Amino acid sequence: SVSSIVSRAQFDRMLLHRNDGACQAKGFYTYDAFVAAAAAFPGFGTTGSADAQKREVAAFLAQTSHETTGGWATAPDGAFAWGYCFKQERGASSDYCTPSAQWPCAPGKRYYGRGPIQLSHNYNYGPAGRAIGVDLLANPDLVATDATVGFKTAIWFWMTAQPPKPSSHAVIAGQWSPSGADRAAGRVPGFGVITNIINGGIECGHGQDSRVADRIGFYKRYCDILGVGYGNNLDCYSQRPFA
């Protein structure tokens, strides 16, 4: 199960400052909630080689650490020790509702960024809730008040494809192969393609980009704590975004 690959001690060393008083989400993200969330998704952190299993929870934690980071260049223990400092978007004005017959907005609810992957919009809360068995359309706020559904939404994102993009799971675990178009676009297996899946339209294909470098910094630090090599193709600086 995932606690066979990452211990409570490793998880706290990775998310070193999440419980400092300056972080909004102080005391929300617990190892226990992470473990409870992971066993709703067989396959997460238990597919492939033991090395790939370790690269998966490191990559998952790296990417969600960048979406919730509270670091700054001179932060204590470096900017890559400050992931998971936030649980919700906060500066948002919008309610992130796009009227939909498929995933209808609940009156008065707002679908701003919540949890580890900062899940946004009614058309993302809907399928996520359907998959984990809770009506997230009616109560999106559960993603910022219940830490295991918070983690489940993030793992759901990780495990689900969004065609033409593969799931992040499939590429880190070796269950995705680039088509001709992906290869022609420089999209080949590695951490870089996961960044491309998550935010490639903004971040990938235009040389060194600081947000991509932030993602990679957390990945490397988590890989070192887990004692696994990083694999190759860590950036997406010359990959075309998925289209």
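Each position is counted from 1, following the chain as shown.
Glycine too: its Cβ is placed from the backbone N, Cα and C atoms.
Per Swiss-Prot, the features are:
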DISULFID  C23-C85  disulfide bond
ACT_SITE  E67  active site, proton donor
DISULFID  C97-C105  disulfide bond
DISULFID  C204-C236  disulfide bond
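Mapped onto this structure are the features recorded in Swiss-Prot.
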{"residue": "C23", "record": "disulfide bond", "Cβ contacts under 8 Å, 6 or more apart": "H17, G70, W82, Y84, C85, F86"}
{"residue": "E67", "record": "active site, proton donor", "Cβ contacts under 8 Å, 6 or more apart": "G113, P116, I117, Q118"}
{"residue": "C97", "record": "disulfide bond", "Cβ contacts under 8 Å, 6 or more apart": "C105, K109, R110, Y111, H121, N122"}
{"residue": "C204", "record": "disulfide bond", "Cβ contacts under 8 Å, 6 or more apart": "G192, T195, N196, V212, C236, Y237, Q239, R240, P241"}
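The sparsest Cβ neighbourhood within 10 Å, among the listed disulfide-bonded residues (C105, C236), is found at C105. If you draw a 10 Å sphere around the CB of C85 (disulfide bond), it holds 22 other CB atoms from the protein chains shown.
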